[PDB]
């Protein structure tokens, strides 16, 4: 099963993960409707997800992609936000749970911006917010997001909203255009870091 390795705040790895999360906050077109209003997060903890079977599947797929991408994985660290974090860390990403309504079809969506992933933690459009207060901008309830290793391989550049089931022939991912990073096989992502946090209320 899954083991969670507790990273200390004094560690460079904890600091690089938090720095990537904090520096990638952006203003979103919905004016904060989905994810809430904030300029920074309060990071509660950062844990490394260790699972032998999940690593094996990730390794297995990585090699196939590498063989088809002139010996390159084209790995990227990307954020993922969804109400399925707990299942993902135990069972792995699963394309049978791909977002069907996604702009680039039934895939698993990742982002360079942590604030983009925060919009999905409580559901599509932020759902009804946290279970306790029904608040999409809740400053109390703890949230979770993942900072993932994503095997992109040969990315297909998509500009039109198209409903793809799988990556196009000879490709391993879709970069849909801010860019949306999409994979269609759960084994092309490893949920490396589990980030537990709160959004913080800006000074009035």
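Positions refer to the first chain, counted from 1.
In this entry, residue 63 and residue 64 are joined directly, with no residue of the deposited sequence lacking coordinates between them. Checked against the record, the higher mean CA B factor of 63-71 and 34-42 lies with 63-71. The stretch 8-16 shows the higher mean C-alpha B-factor when 8-16 is compared against 192-200 in the entry.
In the deposited coordinates, the residue among 160, 51, 137, 144 with the greatest CA B-factor is 160. For the set 79, 104, 93, 122, the PDB entry puts the maximum C-alpha B factor at 104. Ranked against the other modelled residues of its chain, the C-alpha B-factor of residue 117 as given in the entry falls in the lowest third. The entry lists a Cα temperature factor for residue 182 that places it in the middle third of the chain's modelled residues. Sorting the modelled residues of the chain by their CA temperature factor places residue 88 in the lowest third. Ranked by Cα temperature factor within the chain, residue 164 sits in the highest third according to the deposited record. Sort the modelled residues of the chain by CA B factor and residue 154 lands in the middle third.
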